[PDB]
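To start, the structure under review is shown below, and the notes come after it.
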Ligand SMILES: NC(=O)c1ccc[n+]([C@@H]2O[C@H](COP(=O)([O-])OP(=O)(O)OC[C@H]3O[C@@H](n4cnc5c(N)ncnc54)[C@H](OP(=O)(O)O)[C@@H]3O)[C@@H](O)[C@H]2O)c1
Ligand SMILES: COc1cc(Cc2cnc(N)nc2N)cc(OC)c1OC
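Residue numbers (the entry's author numbering): 1 to 157.
See below:
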């Protein structure tokens with residue numbers, strides 16, 4: 001099982017200046033719940049942004065840099081390496097990885113952030129022509145979590 005795991009806004013912004021544009025504790029809990037006990041594949045910049053590997057799952061960083069050898073992180077050097085990892089693999093970002101993988105994955109877990117953020121990094125356009133909504137769940141709003149948001153599980157048709 002290969003899946004995309006992404007949050008993006010109404011214009012498919014995912015990133016600004018190597019961080020998430022929004023503060024949304026609930027999306028990160030969503031991420032924790034989905035990926036715990038499984039495998040994340042991410043690009044180097046995304047990892048640097050996050051600093052350390054997420055506890056309680058396999059962290060895999062795709063990078064060209066032969067000197068990368070960080071404790072708790074496995075490194076891969078080619079996309080083709082992804083297909084050799086066992087178990088449930090989530091493509092974790094960023095833009096380059098989504099572009100390379102979106103035609104390849106079984107499904108996508110997308111948080112739609114119902115807002116318009118200033119961004120420098122984007123999720124690629126897709127159609128629901130190609131993707132079936134297996135589920136759509138409204139995020140609940142509170143004072144911790146103030147941006148409307150929807151969790152989609154999409155499966156390739
Ligand atoms: N909203 C979300 O769900 C979400 C999730 C993740 C990240 N983000 C955001 O996305 C942005 C970062 O994305 P980004 O696209 O700029 O960078 P990125 O995907 O985090 O990392 C790009 C780097 O990954 C490595 N890489 C990618 N494809 C490769 C390949 N085929 N072979 C070898 N190495 C490869 C390269 O590392 P080297 O240059 O070291 O070789 C490349 O420079 C940030 O703003 C971040 O906050 C958002
Ligand atoms: C869990 O913390 C982070 C997670 C992510 C990636 C990410 C965040 N949300 C969703 N829905 N999918 C993703 N792939 C990206 C981050 O920074 C760029 C994080 O730290 C702030």
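For every residue, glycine included, the Cβ atom is placed at its ideal position computed from N, Cα and C.
- Proximity of the beta carbon of residue 6 to ligand 1 is indicated: a heavy atom of the ligand is located closer than 6 angstroms.
- Residue 27 has its Cβ nearer than 6 angstroms to a heavy atom of ligand 2.
- Within the same chain, and ignoring the five residues on either side of residue 130 in sequence, the residues whose Cβ sits closer than 8 angstroms to its Cβ are 156 and 157.
- Non-local beta-carbon contacts of residue 4 in its own chain, meaning distances under 8 angstroms to residues more than five positions away in sequence, involve 90, 91, 98, 101, 102, 105, 107, 108, 109 and 110 in chain order.
- The DSSP-derived three-state label of residue 30 is helix.
- Counting along the chain, residue 47 sits inside the alpha helix (DSSP H) bounded by residues 44–50.
- The continuous stretches of alpha helix (DSSP H) do not include residue 109, which lies in the beta strand (DSSP E) extending over residues 107–113.
- DSSP, reduced to helix, strand and coil, places residue 81 within a helical segment of the structure shown.
- DSSP, read as helix, strand or coil, puts residue 96 in helix.
- Checking the 6 angstroms criterion, the Cβ of residue 36 is out of range of every heavy atom belonging to ligand 1.
- The beta-carbon distance between residue 122 and residue 95, rounded to whole angstroms, is 6 angstroms. This is short enough to meet the 8 angstroms contact definition.
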